[PDB]
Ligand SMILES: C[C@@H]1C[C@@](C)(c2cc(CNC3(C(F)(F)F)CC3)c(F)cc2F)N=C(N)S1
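Take a look at this single chain, the form solved without the named molecule, given in structure tokens.
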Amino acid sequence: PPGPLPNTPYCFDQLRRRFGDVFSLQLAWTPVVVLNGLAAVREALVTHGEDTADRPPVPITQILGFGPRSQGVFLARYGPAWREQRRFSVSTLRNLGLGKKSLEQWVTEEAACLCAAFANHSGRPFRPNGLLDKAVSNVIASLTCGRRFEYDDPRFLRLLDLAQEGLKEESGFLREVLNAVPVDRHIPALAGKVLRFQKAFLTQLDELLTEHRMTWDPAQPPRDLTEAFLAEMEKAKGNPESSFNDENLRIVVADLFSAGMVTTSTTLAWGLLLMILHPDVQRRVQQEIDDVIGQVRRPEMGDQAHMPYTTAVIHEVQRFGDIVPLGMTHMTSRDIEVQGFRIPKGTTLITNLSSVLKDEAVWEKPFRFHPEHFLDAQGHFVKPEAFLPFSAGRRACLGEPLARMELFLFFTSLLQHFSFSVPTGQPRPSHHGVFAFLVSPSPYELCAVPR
């Protein structure tokens, strides 16, 4: 399983073009394998997806005192616990997604608030990041709290703080997880002070959902995800195992919040940046907006099908933005062939999602913002198989349906109500982004003016 003997994506590109698509890091120690084709990624996550759906250990789990059946989804290990919970959330997001417009309602009204909040800046320039976080966040709060939050609500502002800083604390641990061993089984616990904010963030949910159980009517069909969880807690009251505890509830919600907010929010931030950066495209999206939705009604999901160019654009934002370059890290559950190579049980798989998204041999102009990628000769939307921002296989993103929804509803709502540009003095912002395990656009401010 190749690789050499003795900042990271522009780096992996070299190793790829020296070693092929599948290659090994740390051959001599414990091998960590980097998957690079669309071909390589599909083979590992789809073809052998059941055996590569495990998560490599991280001290986060231990530090936060996870254990038995009290891990979330994100870092949960392949086993009953995770399967239980992947099951529950996909079930729950499909019932609420369609069902009685529940998820749609919550999003569309959140868009209306976001629009209000933008409008409140009176075309005086600002940076849309904080607002984009609140909006996206609220959608998850609806899903898991019953309520949405006032943008100025101190509780909400604390929650956001808690979820942001908790997430910078864990990415420390998460990037090192491209090498060293599990943890001495028993981390020092002085290790406590390291996830302060992550732990503080659990504590605040713990209570927000404690007061939600008080609201909840046990003798009626569940209204949101928490309620559907609590209900399921009843069925399983017997079972000494089963991952439906109070313990797990808050982690699950915590996961949804972190995994959910920042990814959707950051994308919309690339969206807006690219919109002011290619006003050509912006007009055309709005041209289509006025033709299909008009200026009176609220954009709804049904419009999506009739909106080739907007759809195309949204997808190109995702592919050019390329926000989670290495996705999240996997581990084998038993040995496995990929492209001929033996890959032993327990092995770190790094899934170079960026290499698929920016594949030179797939996309007409991989390093350019180019909505054509998604448009056929007639201007119908098409989506290449290389389109994998939410990854693929057993462990692909839980949120995909809700995110597809958020990106379409927020993005249109905004381009319907406003025209975005670069502030009239300013020298015009960068295409390139700052590269963590999550890539944001470098800070820009924009103007929003009505039409």
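Quick note: we count residues from 1 along the sequence shown, nothing fancier.
The next section is about a form of this same protein that is not shown, the form solved in complex with the named molecule.
Highlighted residues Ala111, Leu273 and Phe411: none comes within 4.5 Å of the named molecule in the bound PDB entry, counting any heavy atom.
Of the heavy atoms in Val183, none are within 4.5 Å of the named molecule in the bound PDB entry. Although the partner is absent from this view, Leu64 contacts the named molecule in the bound PDB entry, with a non-hydrogen atom inside 4.5 angstroms. Although the partner is absent from this view, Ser333 stays clear of the named molecule in the bound PDB entry, with no non-hydrogen atom inside 4.5 angstroms. Within this chain, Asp255 lines the site of the named molecule in the bound PDB entry, having a heavy atom no more than 4.5 Å away. Of the listed positions (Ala81, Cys145, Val285, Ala259), a single one reaches within 4.5 angstroms of the named molecule by any non-hydrogen atom in the bound PDB entry, namely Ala259. Between the options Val194, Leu202, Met233, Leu178, the residue in contact with the named molecule in the bound PDB entry by a heavy atom within 4.5 angstroms is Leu202. Partner contact region in the bound PDB entry: 70 to 78, out of 374 to 382, 206 to 214, 70 to 78, 117 to 125, criterion any non-hydrogen atom within 4.5 Å of the named molecule.
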